[PDB]
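Line by line, the protein sequences give chains A and A'. A prime marks a further copy of an entry chain. Under PDB author numbering, read the first sequence as residues 65 to 108, 118 to 131, 138 to 191, 195 to 340, first letter to last. Under PDB author numbering, read the second sequence as residues 65 to 108, 118 to 131, 138 to 191, 195 to 340, first letter to last. This report concerns only the one structure given below.
Protein chains: 2
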Amino acid sequence: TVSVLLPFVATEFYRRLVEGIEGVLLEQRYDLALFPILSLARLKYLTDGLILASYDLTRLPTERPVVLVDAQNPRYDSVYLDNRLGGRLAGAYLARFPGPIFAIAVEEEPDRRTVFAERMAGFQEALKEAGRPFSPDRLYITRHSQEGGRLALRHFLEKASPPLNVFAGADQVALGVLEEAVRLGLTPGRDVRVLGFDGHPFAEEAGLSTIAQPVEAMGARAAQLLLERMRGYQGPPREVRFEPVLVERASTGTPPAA
Amino acid sequence: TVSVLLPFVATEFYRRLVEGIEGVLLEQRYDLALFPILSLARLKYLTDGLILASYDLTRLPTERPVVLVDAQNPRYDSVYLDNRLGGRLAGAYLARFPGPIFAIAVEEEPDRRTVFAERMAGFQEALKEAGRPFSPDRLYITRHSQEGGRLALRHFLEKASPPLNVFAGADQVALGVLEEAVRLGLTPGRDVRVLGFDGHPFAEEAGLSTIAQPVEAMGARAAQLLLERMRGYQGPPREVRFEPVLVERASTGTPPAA
């Protein structure tokens with residue numbers, strides 16, 4: 065009858081995630097019960122299955144089938160993205176441009195979660211392998227907002243003059259780097275080249291290059307697994323891994339050739 | 065049996081609001097059902122009463144009694160704060176210090195809500211009445227975050243040198259103005275004097291002066307009215323207005339005397 069999914073922050077990532085689930089579940093005549101969450105405790118209910126987003130464990140109490148999305152667990156069907164890859168797609172990509180490479184790391188209190199830890203690890207590995215190793219003195223830590231991105235570009239600008247490369251780490255932050263750049267100088271090649279993460283819809287109109295995540299498909303896949311399980315499927319905890327892809331736009335341009 | 069309240073953003077303002085409600089409701093043996101909200105539509118349920126926070130109408140469908148808090152409505156019992164006053168307490172207060180007075184206005188997409199519109203109106207009225215009228219060229223619009231406050235102080239600093247006064251408009255933003263100031267120079271008198279809004283608990287340790295709101299008491303009052311109604315009270319929509327108060331701390335200091 066009804067399926068309940070547990071999200072939190074109310075970001076574009078969750079809007080796309082649920083659009084992906086709704087698209088699927090509503091085709092099979094199931095209703096979706098959105099349960100934004102802040103840690104608590106409840107053992108209810119009147120739901121058939123549960124879809125848990127981005128956040129993992131405390138081994139849940141319900142008898143209902145549970146499928147994790149954007150998370151991994153040995154005991155539950157889990158759909159997730161290879162964030163380390165993509166961090167690499169970003170590093171190896173930016174490594175093809177002139178000027179120092181900077182990165183923005185999102186630091187949100189709710190990390191108990196390493197999607198950013200993974201992105202940053204692959205970023206460093208790719209940069210290293212390309213001869214342009216990264217350094218913490220070119221890193222900036224902030225919140226997931228446009229203001230953080232603006233604060234960051236401002237930070238990088240006192241360390242280097244254009245041209246310079248920035249790995250926002252998130253499209254929202256990338257919008258700020260983009261915005262603050264414009265509030266001053268060119269965005270494609272002069273000032274900074276901006277590379278976001280998340281491939282959000284708003285990224286196309288902004289001309290933002292980014293490492294795109296197939297968030298809807300991730301939700302849709304999460305829904306399908308749930309159905310299979312709600313429809314009697316038995317077997318050990320399954321797993322499905324998605325891959326991000328680089329999408330080049332104006333905020334970045336062409337490397338180009340030597 | 066159980067009472068359900070509808071919040072949203074998950075800010076310190078709502079934590080304090082609910083602590084105020086829980087404190088009350090749990091004394092009368094009622095259970096609290098937290099329902100974070102993003103506009104939708106549901107006519108259920119298994120709840121006795123509803124407490125709506127910060128956001129008003131679409138004339139609700141439920142037969143259950145509804146009491147609004149931090150909001151006003153001719154058809155529902157409403158507890159709310161006199162935000163215009165306080166905006167004035169802030170203006171008349173800052174008007175007693177040397178250096179240009181700046182203000183930070185919070186602009187969050189979800190305004191369908196004028197708590198900030200009211201604070202700013204009283205701010206301007208008090209400033210005017212004190213001979214130091216405000217101007218939009220000393221105003222800064224941003225999001226409700228510390229990053230916004232930092233971006234703002236940086237903005238004001240290119241318009242004026244210390245000493246200067248800042249009306250954050252929200253304690254969270256005030257923390258940023260405070261933080262970014264320190265990342266440079268003195269906070270009490272040299273650089274800027276910071277005056278926040280909301281009197282949050284974290285404001286005392288930070289030494290932040292602010293226009294304090296009795297948020298818990300507002301929630302507690304909201305709860306009591308609900309009980310009265312859930313316990314058979316009949317009569318037209320009631321109303322209860324709270325008043326904010328200035329609390330002086332180090333981020334501001336003494337005016338002082340001429």
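Cβ atoms here follow ideal geometry from the backbone N, Cα and C, with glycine treated the same way.
Measure the Cβ-Cβ separation of A':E229 and A:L98 and say whether it is below 8 Å.
-> no
Considering A:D161, what are the terminal residues of the alpha helix (DSSP H) in which it resides?
-> Premise fails: A:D161 is in no alpha helix (DSSP H) and is neither H nor E.
In the segment 223–234 of chain A', which residues sit with their C-beta less than 7 Å from some C-beta in chain A, listed in chain order?
-> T224, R225, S227, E229, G230, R232, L233
Inter-stretch contact at 8 Å, needing at least 3 Cβ pairs: the segment 200–212 of chain A / the segment 269–278 of chain A = no
What are the complete beta strand (DSSP E) segments, minimum 3 residues, inside the segment 254–337 of chain A'?
-> 274–279, 291–294, 321–324, 327–329
Taking only beta-carbon positions, decide if A:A74 is within less than 8 Å of chain A'.
-> yes
What do you reckon, are the CB atoms on residue 347 of chain A and A:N247 nearer than 8 Å?
-> An answer regarding residue 347 of chain A cannot be provided, because it is not within the stretch 65 to 340 covered by chain A.
Listed from N- to C-terminal order along the chain, which residues in the segment 79–108 of chain A have their beta-carbon within a distance smaller than 9 Å of any beta-carbon of chain A'?
-> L98, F99, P100, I101, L102, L104
Going by CA-CA distance only, name the one from A:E83, A:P177, A:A171, A:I101 that's closest to A:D95.
-> A:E83
In this structure, what does DSSP give as the bridge partners for A':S67?
-> A':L96, A':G122
Close-in-space but distant-in-sequence residues of the same chain around A:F324 (CB under 6 Å, 5 per side omitted) = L160, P296, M300
Rounded C-alpha distance that separates A':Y155 from A:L90 | 36 Å
Who are the Cβ neighbours of A:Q206 in its own chain at under 6 Å, not counting the five residues just before and after it?
-> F216
Cα-Cα separation, A':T131 to A':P319 = 18 Å
Run of the beta strand (DSSP E) containing A:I180, from where it starts to where it stops = 180–185
Residues bridged to A:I223 (per DSSP) | A:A184
Quick one: what's A:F249 bridged to in DSSP?
-> A:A182, A:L277
Taking the alpha carbon of A':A171 as the point to measure from, which residue in A':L268, A':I293, A':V322 has its own alpha carbon closest?
-> A':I293
Once you ignore the five residues that flank A:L308 on each side, which residues in its own chain have a CB closer than 7 Å to its CB?
-> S67, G122, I124, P144, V146
Could you give the DSSP three-state label for A':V73: helix, strand or coil?
-> coil
By the 10 Å Cβ neighbour count, where 16 or more other Cβ atoms means buried, how is A:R138 classified, buried or exposed?
-> exposed
Residues bridged to A:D156 (per DSSP) | A:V146
Flag A':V158 as yes if its beta-carbon sits less than 8 Å from any beta-carbon of chain B, otherwise no.
-> As a matter of chain content, chain B is missing from the structure shown, whose protein chains are A and A'.
With 16 as the cutoff for other CB atoms within 10 Å, does A':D273 come out buried or exposed?
-> buried
Between A':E76 and the rest of its own chain, which residues show a CB-CB distance below 6 Å, the 5 nearest in sequence each way excluded?
-> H282
Would you mind reading off the limits of the alpha helix (DSSP H) that contains A':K210?
-> 197–211
Return the CA-CA distance between A':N162 and A':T196, expressed in angstroms with no decimal places.
-> 9 Å
Where does A:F176 sit, in a helix, a strand or coil, going by DSSP?
-> coil
Please name the residue in A:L257, A:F72, A:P179, A:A150 whose C-alpha comes closest to that of A:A332.
-> A:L257
May I ask you to report which of helix, strand or coil DSSP gives A':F238?
-> helix
Near A':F198, which residues of its chain fall below 7 Å by C-beta distance, leaving aside the five closest residues on each side in sequence?
-> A184, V185, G251
Can you grab the Cα-Cα spacing for the pair A:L266 / A':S227, in whole Å?
-> 23 Å
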